[PDB]
Ligand code: CLA
Ligand code: CLA
Ligand code: CLA
Ligand code: CLA
Ligand SMILES: CC(=CC=C/C(C)=C/C=C/C=C(C)\C=C\C=C(C)\C=C\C1=C(C)CCCC1(C)C)/C=C/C1=C(C)CCCC1(C)C
Ligand SMILES: CCCCCCCCCCCCO[C@H]1O[C@H](CO)[C@@H](O[C@H]2O[C@H](CO)[C@@H](O)[C@H](O)[C@H]2O)[C@H](O)[C@H]1O
Ligand SMILES: CC1=C(C/C=C(\C)CCC[C@H](C)CCC[C@@H](C)CCCC(C)C)C(=O)c2ccccc2C1=O
């Protein structure tokens, strides 16, 4: 007769969303951008074709020393000051709560009209395409599936096999 | 969504998602080192 | 990976390929890219000569569709004088 | 309770201490209520004082069994499929020795995975799929992989009928509280329309696809996935397309036939699983009945009828409250369902119904003891729940002066007899053996009770066995052999790997086990009978229906005043039955191998797994560990480093778990309290205990952790003892 | 809010009345007899065969019955009502042009009033008789005695 589940943090799920998905922008346009036959060709000789490898797992370290830094700073002062103890304001804390952060300390604040209001108008823009980005990337992340599964010849694994017409992979279109 | 001074609950036997698993990841150390009876160190 | 010349000299190629006569399928039943056959006409059983025969002929086969309907003889039961034997 | 309603929350009850009797789980903390909650979780003296729902729950929380038996089976069909051995075993039976399960070689594991047949590593089976599975008028591994998901289909759906009850706003009274038709339906067309339906898919398809399997081939060199439609042309080899008959009746001519069936009895030479040419006829000849039968009726009438002098005035009116009980119409059932399971346990071993059983020894005795513990574990229950009636179910006393009010009238009486019955037995039913020891260890055989010393003379024969394998000469039509090959008269030639069934002779050492059974079956029942009868009132306590059918014990007075009750009569009644079945098992295999199971070769000089050691040597009750326990079991205590090994390696635990029960069985209670505090003290010093008042076991919970252990202990012990003396020689 | 599904003695019958109504023209074979010269059979045994057939093949069979089933439940929502369906076009006063209205039958309304001379000389019967057209091909798929045939005859 209907679930018991608006996770109160029904309020927070929605912000790894704008994380996950704005983000899939980075893959969506640079991919098919690629640049078909640019003129053309992909060749990267430079730091890479003679100094004994370049990356892989010095890759990650440097690579996400920064993502390191930044992803942390991201949610852990999104906002929330007050930042300790001890009775309920719910999210699972707002034990920042009624105090934002400081009683007349510094400029904790951005912007006049005693709040943080990045003004009133802009529902426009990112309500639409952006929680789009959530939606969008559902189905061209449902293409990740289509785009490659079938492990282009070079391997049948656990041999059912189980019929046979013709191949599959990616580049755009479809026989049909 | 969870800050400082204890958090949200959980069921009767989440121990069955604690015996199974965690502990489960340990067979996962008992095949990486498929064997013991003393041990080298790091 | 690591590239020397040029992702190719001559680009990707004959792996889909069909071109002059993209044929197979649309064609094959290139017996019958035109299931053309016989007479024009007419007398009898046609299906010449390859194809064959007429096997039981008139309204039968032909269906297929032989054609037509005829003052018959309209199949229905009893006859064919079940000419067996 | 709110939270708060009635009517005027959807907001569900997750949070606020308790529920279940009203100075409930109290604010104040404790542990006992955590075995409470699970125990008596299903019950009905609480939930509501009003029938209504309960039947609306049990028709749902039921459901989730079928669905389950349904998630189960699937992982068995799947399992009996891609974790193959079935494909390999079937082209190659007599030869293989089946598997479905296999480990994964983590840690010590692998020893458990030891070459089983069609060329692979695994752990064996004593659960006769691979043999229902003979059926497959088709064969194929991925196919069972459809029958498998076909299983998960029935489930999710035959599990959303359980949403589509209680949680959905439910039916009510009339629906079940008009019973008028129920069996009408059930037996007619399912009991009927299955057996019937089963007929149609038991000659159509199966018969033919093992009519020409009992020879050779390799499957798909036989039985396509559709092949068996309109094509009534291969049905040509296994009788006419009726030729000139039209819907049975008689203006029919046989100058040479009589449809499929053509009744058998005996055993296929090449697959002695009993003939299938019959198996259709018998299921057909069932259904009809059910088809005709489930057509009674609408109910009192028939029972509101035949009375007499001493008979049952209340026979007439034998329960309005049999539309208003459950605990009653469950207890009745369990006696039947239960007592109608272990009747399987015989007609199986003395009349196999699947291809390749008997030759398969271990893959149908496992059976005959699994089916055997249910036709027992469901019977003591079938008493428990009557005690649950006898105590409470109805509202008041509206039930009066009848068959029962009668039986109770005598009660220090029906159980007055039955008692002496047992000590007459026991003396004639066990010390009988003890004679032998005391006098064979004294040693003078002249005077034992041997199949040969006390007067009986080289024959048993003349009774009824010998007028069963010989009866195809009565009103009997016939059909070579009998009905069950194990009967006195005629025939031998049964099977070309190992053996199957043959006469099975008797006299003494068959005479007196058969009698220990009596005394065992009888004193079991004494304690349940007197237990459920004296359910509510007595001359040790009359104020004795005042809580429930459990209650620990009334109190130190009256002398004892402890066991009484009837939870506990259904506690010491299990304690026996564990024997009742545990010694019936001990019987069958020592017979079935001492004689029967054994083996042919030239001149078919029979060579039993044991040249009848039974003879003069079960009669001694030491011979029962000379010839049994110490003889066989040498395979359990040799079993280390092997493939089955998991049995010997259980056989120590569970031969431990039992010897842990006694601790739970044999002990006080304020004891582990008195102890639990010394503990609780040391706890408080470091500051580590109080919250949720740790408490000892609930007098009768303690008994609950006896018994249950004493059984899962004392039982699996043999479950191991067995599978370890039929796998490998036998 | 959560979607609805009212059971009540006999929805199952209004939508069950309807199911067969659709299947009464999905009866197809003899309602539109030009439909199958031989198309009732999806594709004999002998049968007929003197595949099943030449063909109109293919794949893209699920996508249809799904995607246009992604319409059956729209003339089931849209006309819950609050009307604005004719979004017209921002500018342009020249769009009096209508088409119909809500249609059931000869259209917008019935129309062109003016009628009767000759054609000449409820409505569960417009249902009842076409299951007496549906379930009829039902056995006619397997409509054979084969070994023998018409005893009758
Ligand atoms: C997704 C759904 C769902 C939800 C949210 C609920 C919620 C509820 N149900 Mg419920 N129910 C459901 C599906 C659901 N049900 C289904 C599918 C069935 C039929 C199969 C039922 C049959 C049912 C009955 C008869 C009752 C309820 C009741 C209730 C209420 C008490 C629930 C409770 O705490 O039980 C806790 C129990 C569970 C969460 C597990 C359910 C047990 C089954 C279905 C699966 C477990 C078996 C499993 C194999 C365990 C044994 C093996 C083990 C070794 C792992 C609550 C509102 C009760 C009520 O109205 O209040 C008195 C009432 O007794 N339900
Ligand atoms: C068709 C019947 C079936 C049904 C539907 C019921 C239903 C019921 N019985 Mg019941 N019963 C049955 C057969 C049945 N019984 C049989 C055959 C017996 C004889 C053994 C009994 C003996 C019995 C007793 C003594 C009692 C009931 C009670 C009840 C009621 C309480 C149910 C409960 O809370 O779960 C109880 C289940 C548990 C708490 C789960 C614990 C199970 C443990 C012991 C595990 C078993 C060992 C197993 C090997 C361990 C799993 C593997 C492990 C090693 C990993 C309920 C109405 C009780 C009552 O008070 O009536 C209102 C009462 O206690 N029954
Ligand atoms: C179930 C067992 C039982 C039975 C039936 C027997 C029977 C026997 N034992 Mg024995 N024995 C037993 C247990 C039993 N024992 C045990 C447990 C031990 C060890 C404790 C022994 C140790 C033992 C020894 C050492 C010896 C025996 C011997 C004997 C034999 C002589 C008996 C005798 O002379 O009594 C005299 C008989 C009577 C007075 C007969 C009357 C009693 C009957 C009729 C009661 C019947 C009730 C009545 C018919 C009810 C009908 C109602 C009426 C109105 C019609 C006899 C065959 C002796 C022997 O050598 O045997 C070969 C030997 O002495 N036993
Ligand atoms: C705690 C006590 C102490 C200990 C250590 C034991 C130990 C034992 N007693 Mg014992 N006993 C004791 C006190 C003790 N007793 C007392 C005070 C008495 C009363 C005087 C008894 C009366 C008694 C009797 C009558 C018996 C025993 C027996 C036994 C033995 C069983 C064989 C065995 O376990 O092989 C050891 C090997 C294993 C346990 C291998 C286990 C591998 C398996 C189980 C799998 C691994 C474990 C896994 C968790 C299980 C799967 C469960 C899963 C679902 C979670 C065991 C050695 C029995 C016996 O065998 O001979 C006398 C006999 O029944 N005892
Ligand atoms: C010591 C042990 C164990 C033992 C154990 C033993 C020593 C024994 C046991 C046993 C068990 C059992 C036993 C269970 C079960 C079961 C089953 C499953 C059964 C089944 C069956 C059936 C079906 C019915 C009847 C028959 C049979 C039984 C077969 C352990 C210990 C430990 C430690 C150190 C610490 C931590 C934890 C652990 C790790 C845990
Ligand atoms: C086990 C203790 C003996 C007490 C019972 C003995 C009485 C009956 C005699 C033997 C019983 C076993 O029966 C067995 O007889 C013969 C053994 O010689 C075998 O004889 C079989 O072998 C030969 C091969 O053609 C032929 O002699 C027979 O036609 C054939 O039946 C059979 O496999 C079986 O029918
Ligand atoms: C030994 C014995 C006890 C003592 C037995 C006890 C206290 C068993 C209860 C022990 C529980 C099961 C330990 C539970 C602790 C853990 C579940 C908590 C940690 C959670 C896990 C992760 C370990 C009784 O209470 C008793 C009562 C009546 C008759 C006989 C006896 C009897 O024989």
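Here the label points at residue E:51 and residue A:113, each 7 Å from Cα along the C-beta direction, are separated by 6.8 nm in the simple model. A convex hull fitted to the Cα coordinates of chain D yields 255 cubic angstrom per residue. Neighbouring Cβ atoms from other chains, within 10 Å of the Cβ of residues in E:141-151, number 2 on average. Rounded to the nearest Å, what's the spacing between the alpha carbon centres of the stretch D:201-219 and the stretch D:1-18? Just the number, please. Their Cα centres are 62 Å away from one another. Report, in whole Å, the centroid distance computed from the Cα atoms of the stretch E:50-122 and the stretch D:324-400. Each part's Cα centre sits 63 Å from the other's. For the protein assembly as shown, the ratio of Cα radius of gyration to the globular rule of thumb 2.2 N^0.38 Å stands at 1.24. Per-peptide packing, taken as the mean over residues of other Cβ atoms within 10 Å, places A:73-85, D:93-105 in the sequence D:93-105, A:73-85 from highest down. The mean number of Cβ atoms from other chains found within 10 Å of a Cβ in peptide C:5-11 is 2, as a whole number. For chain A, would you read off the P(r) tail past 30 Å as a percentage of all alpha carbon pairs? Value for chain A (Cα pairs over 30 Å): 50 percent. Two decimals is fine: what is log10 I(q)/I(0) at q = 0.11, 0.15, 0.18, 0.25 Å⁻¹ for chain C, from a Debye sum with one equal scatterer on every Cα and no solvent? Relative scattering, expressed as log10 I(q)/I(0), comes to -0.56, -0.77, -0.93, -1.27. In chain A, the DSSP-assigned H stretches of four residues or longer account for a calculated mean residue ellipticity at 222 nm of -13000 deg cm²/dmol, using -39500 (n - 2.57) per stretch and the full residue count as denominator. Calculated mean residue ellipticity at 222 nm for chain E: -5500 deg cm²/dmol, from DSSP H runs with n ≥ 4 weighted as -39500 (n - 2.57), summed, divided by the residue count and rounded to 500.
Mean separation of Cα pairs under 8 Å and 6 or more residues apart, divided by the residue count, gives the stretch D:1-152 a relative contact order of 20 percent.
FRET efficiency for the residue D:296 to residue D:402 pair, using the beta carbon distance and R₀ = 30 Å, is estimated at 0.80.
Label point of residue D:121 set 7 angstrom out along Cα-Cβ; within the stretch B:5-42, amide nitrogens under 18 Å from it belong to B:31-32, B:34-35. Here the sum of -39500 (n - 2.57) over DSSP H runs of 4 or more residues, divided by the residues of chain D, equals -8500 deg cm²/dmol at 222 nm, to the nearest 500. Take each residue of peptide B:3-14, count the partner chain Cβ atoms within 10 Å of its Cβ, and average: the result is 3. A simple spin-label model places the labels of residue B:31 and residue C:51 6.3 nm from each other, with each point 7 Å out along Cα-to-Cβ. Calculated on C-alpha atoms, the gyration radius of chain B divided by its Kirkwood radius gives an Rg/Rh of 1.22. Size descriptor for the stretch D:568-691, Kirkwood hydrodynamic radius: 19.2 Å (Cα pairs only, one decimal).
Extending 7 Å from Cα along the Cβ direction at residue D:343 and again at residue D:253 yields two label points whose distance is 4.5 nm. Between C:56, C:14, C:74, the Gaussian network model of chain C with springs among Cα atoms under 10 angstrom shows the greatest mean-square fluctuation at C:14.
Among D:131-142, D:562-573, D:311-322, D:21-32, sorting by the average number of other beta carbon atoms lying within 10 angstrom of each residue, highest first, gives D:562-573, D:131-142, D:311-322, D:21-32. Springs join every pair of Cα atoms under 10 Å in this Gaussian network model of chain A, and among A:154, A:61, A:89 the largest mean-square fluctuation is at A:154. Panel values: chain E, Kirkwood radius from alpha carbon pairs, Stokes-Einstein at 37 °C and 0.692 mPa s, translational diffusion coefficient 153 µm²/s. Descending by average beta-carbon neighbour count within 10 Å, the peptides D:583-596, E:76-89, D:52-65 line up as D:583-596, D:52-65, E:76-89, the highest first.
Every residue, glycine among them, receives a Cβ derived from its backbone with ideal geometry; neighbour counts consider all protein chains shown. Rule-based calculations on the coordinates, nothing more; no lab input.
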